[PDB]
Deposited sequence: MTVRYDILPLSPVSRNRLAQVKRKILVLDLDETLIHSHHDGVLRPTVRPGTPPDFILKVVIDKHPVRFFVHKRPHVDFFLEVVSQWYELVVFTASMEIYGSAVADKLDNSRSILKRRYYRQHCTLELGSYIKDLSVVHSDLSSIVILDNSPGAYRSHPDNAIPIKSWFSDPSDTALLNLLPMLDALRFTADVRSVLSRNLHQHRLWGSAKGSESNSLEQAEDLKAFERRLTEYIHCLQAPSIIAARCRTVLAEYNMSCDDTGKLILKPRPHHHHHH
């Protein structure tokens, strides 16, 4: 963690606590079942009275990623997997750290056009204070203003997508409404904000990035 200035620390107390929703498959891990890098762990789950073995690979730097963002957000797992698989994966990723205990699985999704949509209001209905990180754009079809896209991960060992997100996720938590930033991510205009409230959120967002730049540029 990069040191927090006095203005940023004061800012944090004036905005609400936020939730970071995390997908599993192809976001934080990739698994393949019965049918060459050694796996990180092997899951044995019974599915329809059938023992099945999954070889699970962790995306590079996931453990560090989880350790860091858990200090900034309440973490929630929202997976389209069946609970027997998603729960076992989340347990191994948690590894007794007690940061991934809140989970939602397939039964909380709705299948539309072949995509499992994840209704964020199931987790938290205050849409100013919830963010979702998901490799599947269909997962946040109903909450695009709350979504952080990420490249799907299968095996690329040089992937650093989780590290690259940490400065943004750091600065994002100083906003009063996360949508002030994520809604940006009229097109003819050069406007960055559409209200004084959003403008204030972007100033706080950039103030934290400024603290990063002056530790890195130098």
query	finding
In sequence order, the deposited-sequence ranges that have no modelled C-alpha atom	1-6, 42-49, 200-206, 240-276
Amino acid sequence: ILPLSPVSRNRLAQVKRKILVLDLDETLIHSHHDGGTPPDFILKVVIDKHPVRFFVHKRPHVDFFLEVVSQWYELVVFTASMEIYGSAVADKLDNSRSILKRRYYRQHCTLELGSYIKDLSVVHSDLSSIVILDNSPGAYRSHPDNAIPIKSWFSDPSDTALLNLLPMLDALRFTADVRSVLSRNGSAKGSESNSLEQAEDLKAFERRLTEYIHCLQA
From here on, numbers count along this sequence of modelled residues.
query	finding
Between 84-92 and 127-135 (mean CA B-factor, as deposited), the higher	84-92
Average Cα temperature factor in the PDB entry - higher stretch of 105-113, 74-82	105-113
C-alpha B-factor winner, where the candidates are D48, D177, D156, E67	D48
Largest Cα B-factor, entry values, listed residues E26, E192, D63, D170	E192
Within-chain third of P39 by Cα B-factor, per the entry	middle
Where the record places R208 (Cα B-factor, split into thirds across the chain)	middle
Third assignment of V52 from its chain's C-alpha B-factors	highest
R11 - which third its CA temperature factor falls in, relative to the rest of the chain	highest
Within-chain third of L166 by Cα B-factor, per the entry	lowest
